[PDB]
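In what follows, a structure is listed as structure tokens, so that the remarks can point back to it.
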Amino acid sequence: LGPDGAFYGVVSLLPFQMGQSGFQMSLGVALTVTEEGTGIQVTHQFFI
Amino acid sequence: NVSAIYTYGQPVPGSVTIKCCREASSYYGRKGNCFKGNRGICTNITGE
Ligand SMILES: *[C@@H]1O[C@H](CO)[C@@H](O)[C@H](O)[C@H]1NC(C)=O
Ligand SMILES: *[C@@H]1O[C@H](CO)[C@@H](O)[C@H](O)[C@H]1NC(C)=O
């Protein structure tokens, strides 16, 4: 990113086994943002 | 462990191909369980 701060993260669910018994009813998603110069990162996790 | 023989006891040169697979669960579909399993992952090998 960089124009103004934005990212459109489309994720394909085809590799995920949607339609079977490998379900836990929960999809854990973690999102981490870093910076070019500083090695600092910010992490944000949640359950869909 | 496959073999093949003529009527009078003769070897048979040729191609022997084996294909093995099945269905996954076939719940019923629609008002039951619409999308389920796959077409069944079918594998295939051939030999001489
Ligand atoms: C964010 O806003 C809407 C809702 O998801 C979407 O249509 C739009 O494309 C998104 N914008 C970006 C820059 O990802
Ligand atoms: C096995 O047979 C199927 C028939 O649809 C074919 O598509 C597949 O390529 C065959 N296996 C190999 C290794 O070629």
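Backbone-built Cβ (ideal geometry, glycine too); neighbour counts: all protein chains shown. Bear in mind that the values in this text are calculations on the coordinates, not laboratory data.
Taking first residues from the stretch A:1-21 that are within 14 Å of another protein chain (Cβ to nearest Cβ) and away from ligand 2 (no atom under 16 Å from the Cβ) and partners that are part of a loop (DSSP other than H, G, I, E, B) and of a type in the set (A, V, I, L, M), the Cβ contacts under 9 Å between residues at least 6 apart in sequence or on separate chains come to A:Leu13/A:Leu27; A:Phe16/A:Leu27; A:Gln20/B:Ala24. Within the stretch B:7-40, the residues that satisfy the criterion of being within 11 Å of chain A (Cβ to nearest Cβ), in contact (Cβ under 8 Å) with a residue 12 or more places away in the chain and either at negative phi or of a type in the set (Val, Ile, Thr) (or both) are B:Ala24, B:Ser25, B:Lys36, B:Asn38. Counting only residues that are surrounded by 10 or more Cβ atoms within 10 Å (Cβ to Cβ) and assigned to a strand (DSSP E or B), which one in the stretch A:9-33 is farthest from the chain's Cα centre (by Cα)? Step by step, filter the stretch A:9-33, then rank; the result is A:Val33.
The residue that is farthest from ligand 2 (Cβ to nearest atom), among those in the stretch B:10-48 that are β-branched (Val, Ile, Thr) and outside any strand (DSSP E or B), is B:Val12.
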